[PDB]
Every structure is written in structure tokens, then in C-alpha cells.
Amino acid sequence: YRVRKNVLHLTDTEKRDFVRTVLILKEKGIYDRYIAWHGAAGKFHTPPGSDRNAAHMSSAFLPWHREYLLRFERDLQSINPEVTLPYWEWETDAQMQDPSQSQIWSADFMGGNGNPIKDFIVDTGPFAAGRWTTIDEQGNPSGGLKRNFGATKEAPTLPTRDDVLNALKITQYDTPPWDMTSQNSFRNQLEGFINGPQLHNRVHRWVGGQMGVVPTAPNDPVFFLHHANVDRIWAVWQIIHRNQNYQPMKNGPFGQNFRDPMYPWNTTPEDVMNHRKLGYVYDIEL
């Protein structure tokens, strides 16, 4: 009942209402809760000793962020019942010679790249320094939003459309030991550790700035449109592989299994396996 559109197919009002609603949540102090939640899960290892955490590098990577975006979208609609979370189709932006000139990086939406003159501090758009305060790992002020498109050796370019399709061809959702080293795994493949960095992981490194590391990534509002696309690819995969379900169903590390509570919530992957059941849908399904 709640359509989630593509950024390029948004009206000027839809772009305006979305941005404005985010700034309100920021002013209310609700936005910082999500920044903290994301960082808090990143240090919750399942189990302690492994490199697997509640939100990343394991099987719960996809359902966690789905619930994450869901709650966020719910807080959006508590302000404006018409606003929904759009998605950034970065696989299509890769077609451009220079993706930074895309309409998603316009001054009326997310702003542009960082300014090399000003330590790559974002000085354009509604989320520039002085109009948008960011925090660091410890929860202290950091001094502005940063962005450095394709300035990394491991990720100088965005992933391609072919990368997305090759990921959808995978049969298993995930494979043991449900981590960074999982092979033939759609979860691990979409995350981006298969000959990394790729896809989701590559996009983070590509954007740079706060998006470059896990604990500070949600400081950039593009984080939510990026994962909305990640959530879409997962949704499409479920539609293709109707007979394939979430893995592991159990006996994986606690907090990674199908009926396990996902820190820091009581929500289980089962509770968020069907995005239609959650009350939203993507425009490509219509």
C-alpha cells in the first residue's frame, strides 16, 4: 500500500517533502537514534571472538537493514503520511562517465561531492556543513559531512548492472560459516565480500567520507536510499527464487538464525522476510 520509488522518478515536491522530513527527525533527535543503533550493532559480535556482527558480515545483514529502514520509514510517516523512503539505483548511475552529475547529487536533494579545497566537506545541498551536524564513533560532534566519490583504489567505480544480475543468479541465500568467507551465497555476494569490494560494500567505499566506515555511515542521508536499493535487490531475489528461504534456519550463531532476535531489537528475520507483509512495495513490482 506504500510505494517505494526510484530517486530519478521523484517529483520536485516529493524530493522536497522527503528532505524536509529528514531534517525534522534530525531536529527532534530521532535521526541520531538510527546512527547509534547502526553503530551499536556493529560491535555486537555473534559470537564474541568471531568477525560476525549483528548487522554485517553475516546472514542477518539483509533482514537487519530491512527492519532498520522499516522503522526509519515509520518515523518518516509519523511526520508526513505521504512520505516514503526512495531507493538509489546506483547500478544505472554507473552508465554515466561521471556519476557525480546525477540528479540524486543535486543541491535540492542530497547535495554534491565533497570540496577538495575544504577537506572534502560537503558544501552543497541541504546536508552541508552548517545546516547538518554529524557525530563520530563515540557519539561526539565531528564537524560536518564528507564525500569523496571514487577516490579509492579498491572502489574507483560503482558496481554495474551486470554485477546485480550475476548476484540474482545465486541459488542459496547464504552458506556456512555465514560470514565474510561464505561462497556461493547471495547474502555474501550482495553485501560485497566476494572478491571485494563489490556491490553494497563497493558503494560505501565509493561515496567515501562517513559512508566509508561502518559506525559513522548513517551520518550521510544517502545511506538510507542506498540500502533501500539493497533491500530491493533482495526483494527481487525472493521473487525469482520463490522456493528459496532464509539461511540459516537455526544452529548458526545466535542472532543470525531465522527465529533469533536481531540486536538491538527483538525483531527476527522471520518477522521481516516478506516486504509486502511489512506494508510496502517497490514501484518496479507494479
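Numbers for residues come from their place in the sequence shown, where the first is 1. For clarity, a rigid core is taken as the largest C-alpha set superposing within 1.5 Å between two forms.
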query	finding
Segment of greater CA departure in 5 other deposited structures of this protein, 240-248 or 63-71, core superposed	240-248
Entry-level comparison of average CA B-factors, 186-194 and 82-90, reporting the higher stretch	82-90
Mean Cα B-factor comparison, 175-183 or 100-108, giving the higher one as deposited	100-108
Peak C-alpha temperature factor (PDB record), options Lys153, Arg71, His200, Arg205	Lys153
Record-listed C-alpha B factor of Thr21: chain third	middle
Third of the chain's Cα B-factor distribution that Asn115 belongs to, per the entry	highest
Chain thirds of CA B-factor: placement of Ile239	highest
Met211 by Cα B-factor - lowest, middle or highest third of the modelled chain	lowest
CA B-factor placement of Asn245, once the chain's modelled residues are sorted into thirds	highest
